[PDB]
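One structure is given below, encoded as structure tokens.
2 protein chains.
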Amino acid sequence: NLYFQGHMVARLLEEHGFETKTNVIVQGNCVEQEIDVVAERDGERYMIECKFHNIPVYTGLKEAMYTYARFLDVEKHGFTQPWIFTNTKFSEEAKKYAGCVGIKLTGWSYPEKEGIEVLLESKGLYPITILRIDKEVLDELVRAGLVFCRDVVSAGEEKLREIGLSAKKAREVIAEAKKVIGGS
Amino acid sequence: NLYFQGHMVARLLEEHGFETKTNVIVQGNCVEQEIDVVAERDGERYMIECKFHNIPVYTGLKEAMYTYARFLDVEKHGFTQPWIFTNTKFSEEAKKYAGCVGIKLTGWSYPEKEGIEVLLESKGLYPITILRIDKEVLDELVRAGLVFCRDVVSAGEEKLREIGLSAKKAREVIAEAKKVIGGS
Ligand SMILES: [Cl-]
Ligand SMILES: [Cl-]
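Protein chains in written order, with the deposited numbering: chain A, 3 to 186; chain A', 3 to 186. A prime marks a further copy of an entry chain.
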């Protein structure tokens with residue numbers, strides 16, 4: 003589900019004109035480094051890491067500083083800036099450190115006008131995590147690039163069967179996605 | 003007890019000709035940073051962090067990379083190199099990253115000939131953590147700079163009373179320390 007997060011983030015950036023690759027390991031100057039999303043547009047290339055939480059806690063200074071060190075180790079591969087996405091908030095210390103070293107930050111509601119809540123809600127997007135589906139079904143959908151309820155609908159029950167859903171489960175998931183989309 | 007660790011490490015370095023200060027917060031280029039020990043000798047100045055564990059687990063790459071970022075943020079204050087002490091071992095990834103960015107590492111048994119086990123055992127030192135004492139008694143002793151059993155003995159029951167021990171507890175702790183030292 004860092005797998006889901008990276009795919010959701012790549013998709014949101016693709017909607018804003020970025021070319022993306024997910025879950026990339028590169029050989030750093032020193033050691034191998036995982037990059038959750040590599041995003042490029044108009045000659046800028048970002049090293050993106052997702053740090054999401056399932057409880058209401060901050061992404062803090064230690065995470066920011068780790069991330070900066072990661073960026074330094076991969077920078078020779080042609081990265082403009084590191085960028086952290088979180089689904090909660092950054093601490094004030096993390097915000098300060100980031101502004102001062104040059105880490106872009108996107109939280110649920112940060113920066114003003116550009117948080118994940120805006121990226122999703124401005125397009126009317128609903129992550130498939132809202133659906134009554136298990137981690138297996140979930141992962142199958144994501145691997146097919148299905149990250150939003152709309153993707154389930156436009157994939158179609160035929161395609162959901164290929165990726166591993168029973169006919170019955172495919173019908174149920176499509177109906178659930180339609181209900182979310184029509185129930186706002 | 004990061005309080006104890008920093009004091010134990012400073013004392014071991016003082017035995018090897020370093021001038022030390024413990025638990026120092028400095029204003030970094032970006033934000034405040036905690037340094038567990040600042041150690042200097044012959045014009046070299048180290049930023050030391052202790053990462054100890056009470057279970058047999060490695061100090062790993064994330065900790066090393068955090069520490070390197072910390073070093074970069076305080077480096078303008080005149081630090082030669084960062085240095086991590088751990089009471090277990092560093093992972094192979096941490097060792098590799100450290101060698102490649104320039105972080106000194108000292109583990110229980112690393113580097114060869116220079117691990118904490120050697121620093122203690124070569125001088126016949128016994129940390130006071132071996133004694134039947136609580137966190138309060140422990141902290142009192144450490145604040146007085148009492149980190150080894152020998153320090154309890156040379157402090158004397160009179161001094162242990164000043165720092166807060168009852169007469170009875172002072173006698174018991176001295177007897178326990180004598181028993182450790184004579185029981186090797
Ligand atoms: Cl949707
Ligand atoms: Cl001793």
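We put the CB at the ideal spot given by N, CA and C, even for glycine.
Output needed in chain order: residues of the region 93-117 of chain A' with a Cβ under 7 angstroms from some Cβ in chain A. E95, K98, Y99, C102 and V103
Here's a check: name, in chain order, each residue in its chain whose Cβ is nearer than 8 angstroms to the Cβ of A'/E34, leaving out the five neighbours to either side. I27 and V28
A/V33: contacting residues in chain A' (beta-carbon distance under 8 angstroms): Chain A' residues near A/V33: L63, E95, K98, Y99 and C102.
Cβ of A'/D153 within 8 angstroms of any heavy atom in ligand 2? Checking the Cβ of A'/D153 against ligand 2 gives yes.
Between A'/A71 and chain A, is the shortest Cβ-Cβ distance under 9 angstroms, so that the two count as touching? yes
Is the beta carbon of A/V155 less than 9 angstroms from the beta carbon of A/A172? In this structure, the beta-carbon distance from A/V155 to A/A172 does not fall below 9 angstroms.
Is there a C-beta anywhere in chain A' that falls below 9 angstroms from the one on A/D38? Not a single CB atom of chain A' sits nearer than 9 angstroms to the CB of A/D38.
Spatial neighbours of A'/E164 within its chain, please: CB distance less than 6 angstroms, with the 5 preceding and 5 following residues excluded, ordered by chain position. none
What does the alpha-carbon distance come out to for the pair A'/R72 and A/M67? 7 angstroms
For A/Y68, which residues in chain A' fall below 8 angstroms Cβ to Cβ? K64, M67, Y68 and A71
Can you tell which of A/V139, A/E116 and A/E16 has the C-alpha that lies nearest to the C-alpha of A/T24? A/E16
Chain A contact for A'/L4 (CB, 9 angstroms cutoff): no
Beta-carbon separation (whole angstroms), A/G62 vs A/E95, contact threshold 8 angstroms: 7 angstroms
For ligand 1, is there any heavy atom lying closer than 8 angstroms to the beta carbon of A/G185? no
Cβ atoms of A'/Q83 and A'/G109: under 9 angstroms apart, would you say? It is not a contact, given that the beta carbons lie outside the stated cut-off.
Have a look at A'/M10 and A/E65 and give me their C-alpha separation to the nearest angstrom. 28 angstroms
Please work out which residues of its chain come closer than 6 angstroms, Cβ to Cβ, to A/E51, disregarding the five sequence neighbours upstream and downstream, and give them in chain order. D38, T69 and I86
Residue burial classification, residue 187 of chain A (beta-carbon count within 10 angstroms, cutoff 16): Since the first and last residues shown for chain A are 3 and 186, residue 187 of chain A lies out of range.
Limits of the unbroken alpha helix (DSSP H) element including A/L107: That residue, A/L107, is in no alpha helix (DSSP H); its beta strand (DSSP E) goes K106 to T108.
Answer yes or no: does any C-beta atom of chain A fall closer than 9 angstroms to that of A'/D75? yes
Give a yes or no on whether the C-beta atoms belonging to A'/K98 and A'/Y112 are separated by under 9 angstroms. No, they are not a contact pair.
If you draw a straight line from the C-alpha of A/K137 to the C-alpha of A/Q7, how long is it? 13 angstroms
Sequence-distant residues of the same chain with beta carbon closer than 6 angstroms to A/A12, five excluded per side: Closer than 6 angstroms at the Cβ level, and outside the excluded window around A/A12, lie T22, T24 and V39.
By how many angstroms is the C-alpha of A'/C32 removed from the C-alpha of A'/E77? The C-alpha of A'/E77 lies about 11 angstroms from the C-alpha of A'/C32.
Beta-carbon spacing of A'/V182, A'/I135 below 9 angstroms: no
How would you label A/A177, buried or exposed, when you count the other beta carbons within 10 angstroms and need 16 or more for buried? exposed
Going by DSSP, what residues sit across from A'/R43 in a beta bridge? A'/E46
Spell out the partners DSSP gives A'/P84 in its beta bridges. A'/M49
In its own chain, which residues sit with a C-beta less than 7 angstroms from the C-beta of A'/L4, not counting the 5 before and 5 after it? Answer for A'/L4: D38 and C52, listed in chain order.
Please list the terminal residues of the continuous beta strand (DSSP E) segment that includes A'/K23. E21 to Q29
Coarse secondary structure for A'/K125, derived from DSSP in three states: coil
Heavy atom of ligand 1 less than 8 angstroms from the Cβ of A/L127, yes or no? For A/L127, the shortest separation between its Cβ and any heavy atom of ligand 1 lies below 8 angstroms.
Taking 8 angstroms as the cut-off, is the C-beta of A/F6 nearer than that to any heavy atom in ligand 1? no
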